[PDB]
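So the structure is just underneath, and the comments pick up after that.
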Amino acid sequence: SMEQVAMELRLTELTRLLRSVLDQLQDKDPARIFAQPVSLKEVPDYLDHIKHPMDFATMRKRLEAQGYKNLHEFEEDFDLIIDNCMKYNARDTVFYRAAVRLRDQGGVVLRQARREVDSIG
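Residue numbering for the sequence shown follows the entry's author numbering, beginning at 22 and increasing consecutively.
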């Protein structure tokens with residue numbers, strides 16, 4: 022149908038906006054602490070601690086499959102990255118501190134993305 026196409030065009034545009042948001046959030050992680058999944062070879066017990074692992078490469082694969090329906094789903098995944106880190110790692114670690122900084126700096130980006138998504142529809 023013509024509607025399914027219109028729908029698909031919106032998703033594609035949402036995907037375009039979310040790709041830009043993702044690049045901006047990932048620039049706030051210059052140390053690349055959150056770039057890839059936590060290695061289960063290097064942290065064999067990780068899944069005993071963290072039930073839903075997440076990282077920026079995993080979000081990108083979902084993004085490019087147009088697997089985010091709305092900003093809320095995307096934000097859920099970004100929040101997993103942060104929240105998993107802040108549980109697994111103690112307060113006095115470079116990892117925990119990196120998550121806090123990513124959260125704080127990402128807020129600005131996500132604030133405007135919500136306004137854009139509502140605005141453009």
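Idealized CB from N, CA, C, for every residue including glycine.
For residue i, which three-state DSSP category applies?
i, result
"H70", "helix"
"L61", "coil"
"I54", "coil"
"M75", "coil"
"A134", "helix"
"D100", "helix"
"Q87", "coil"
"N105", "helix"
"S41", "helix"
"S140", "helix"
Rounding to the nearest angstrom, what Cα-Cα distance links residue i and residue j in this structure?
i, j, result
"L101", "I71", "10 Å"
"residue 2", "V26", "Here the chain covers residues 22 to 142 and nothing more, so residue 2 does not appear."
"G128", "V42", "11 Å"
"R132", "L35", "16 Å"
"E96", "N105", "14 Å"
"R124", "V115", "14 Å"
Return the Cβ separation of residue i and residue j in integer angstroms, given the expectation that the two are a contact with Cβ distance under 8 Å.
i, j, result
"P74", "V59", "6 Å"
"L68", "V138", "That pair is no contact at about 33 Å."
Would you call the segment 45-62 in contact with the segment 120-130, where contact means no fewer than 3 C-beta pairs closer than 8 Å? Enough Cβ pairs lie closer than 8 Å, so yes.
For the segment 77-87 against the segment 36-50, do three or more pairs of beta-carbon atoms, one drawn from each stretch, fall closer than 8 Å, so that the two count as touching? They touch, by the three-pair rule.
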